[PDB]
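Understanding the architecture of this molecule
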Amino acid sequence: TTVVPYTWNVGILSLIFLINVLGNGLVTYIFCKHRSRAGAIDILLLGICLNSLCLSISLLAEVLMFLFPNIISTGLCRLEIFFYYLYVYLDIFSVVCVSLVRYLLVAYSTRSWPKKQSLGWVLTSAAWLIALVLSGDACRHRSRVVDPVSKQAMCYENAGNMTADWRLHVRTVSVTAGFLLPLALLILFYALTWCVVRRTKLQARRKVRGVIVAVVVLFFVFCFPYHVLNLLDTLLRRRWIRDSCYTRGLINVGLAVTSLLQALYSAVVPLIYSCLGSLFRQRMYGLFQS
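Residues numbered from 1 in each chain as written, not as in the entry; some residues may be left out. Heavy atoms only, no water.

For this coordinate set, the PDB header names cryo-EM as the determination method and states a resolution of 2.89 Å.

Keep this limit in mind: UniProt positions are given in the numbering used here, feature names are shortened, and annotations may be inferred rather than shown by experiment.
As recorded in the PDB entry, the chain goes by viral G-protein coupled receptor and comes from Human gammaherpesvirus 8. In its Sequence similarities section, UniProt records this for the chain: "Belongs to the G-protein coupled receptor 1 family."

Here you go:
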């Protein structure tokens, strides 16, 4: 059985695509118009918008394949899954980079190099290269297959006699490289920032930045559930926890619910900037008053 009907899934993904594209395109436009006077964390926060825009192509492809089964082909199956994994890796990598740069802003406060655009660009490129490698590795075999039992085409993991091995390998790579290690690095950098602040008893000149914290919190809100349920699913398919029809159906429902949350983070991200950021709020308010 399928948990979310066709109509609900298509509508939700279409609305998410619309808001994603509009919000992150506008944010990137404003950022490119005011680039010259930006900092490292500004570049990272723009990188989050670029990550969200990656998902737009994936969702557009998926929606067009739903609407038009006729155009389902190997090329679209590759492209959709490529952009999907690109988004999934890039979001967590960008959060890790944000944590790294705030660590560096305190570890090297006496230096000026932690606060330049150069650090943001270097970190963004380092994240993008890794995400591209990981996504391209996964999107190699997904092609057009026809089920004998229903005589309809669909995107599938067909890889020959080794289809199951590839199916397991892709999920294992996703879990290990896109949830576990990035989370450990994130925790490490925040713990180091807190430790260095505690050890120095840094003065009250430290004052909170509204935008940075909200995005990091809403990431753990809208995206973490999908990754944890993916980990549970992969544990099912590796027989590290016990099999059961009830458990399988429970996780089948859960994956359906949480996958929509993770896609909704793309729409959530630009709205955080449009309200908690003074520059984005002003500019977008002026644009919308036109």
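Digging into the side chain of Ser 174
Filter applied, for reference: Starting at the N terminus, helices and strands are each numbered in turn, a helix being any DSSP run of H or I of at least four residues and a strand any DSSP run of E of at least two. Whether two residues touch is decided by their heavy atoms; if any such pair falls within 4.5 Å, the residues are in contact.
One can find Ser 174 in helix 5 (residues 163–200). Setting aside residues no more than four positions away along its own chain, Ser 174 makes contact with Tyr 85, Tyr 89, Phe 179 and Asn 230.

Observations concerning the pairing of strand 1 (residues 143–146)
Put simply, the rule reads: In this analysis, strands are considered paired if DSSP registers two or more bridges between them.
Note: strand 1 against strand 2 (residues 153–156), four bridges, orientation antiparallel. Among the inter-strand pairings, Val 145 is bridged to a residue of strand 2, identified as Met 154. A loop of six residues connects strand 1 with strand 2, the two strands running antiparallel in sequence, and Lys 151 in this loop sits at a positive phi of about 55 degrees.

With respect to the UniProt feature "transmembrane region" in the chain
Per the UniProt entry, the sites bearing "transmembrane region" are residues 11–31, 52–72, 81–101, 119–139, 177–197, 211–231 and 253–273 in this numbering. Annotated as residues 11–31, this span is 100% helix and 0% strand, and its ends, taken at the C-alpha atoms, are 30 Å apart. Between the C-alpha atoms that bound residues 81–101 the distance is 30 Å, and the span itself is 100% helix and 0% strand.

Overview of helix 5
To keep it simple, the criterion reads: Between the first and last residue of a helix there are one fewer steps than residues, each counted as 1.5 Å, and that sum is the expected span.
Counted at 1.5 Å a residue, the expected span for helix 5 with its 38 residues is 56 Å, and the 55 Å between its end C-alpha atoms agrees. Remark: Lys 201 follows helix 5 within two positions and exhibits a positive phi of approximately 50 degrees.

A closer look at the packing of aromatic side chains
How we decide: Note on aromatic pairs: the rings of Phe, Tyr and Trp (six-membered ring only in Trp) are paired at centre separations within 6.5 Å, and the planes decide the class, stacked below 30 degrees, edge-to-face beyond 60, tilted for the rest. Categorising residues by exposure relies on relative accessible area from a 1.4 Å probe, with only protein chains included: less than 20% of the type maximum marks a residue as buried, more than 50% marks it as exposed, and the intermediate range marks it as partly exposed.
Considering all chains together, one arrives at eleven aromatic pairs under this definition. Geometrically, the ring pair formed by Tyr 84 and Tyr 85 is edge-to-face, given 5.7 Å between the ring centres and 80 degrees between the ring planes. Each member of the pair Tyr 84 and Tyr 85 is classed as buried. One aromatic cluster is present, built from ring pairs that chain together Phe 179, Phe 219, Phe 220, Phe 224 and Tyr 265.

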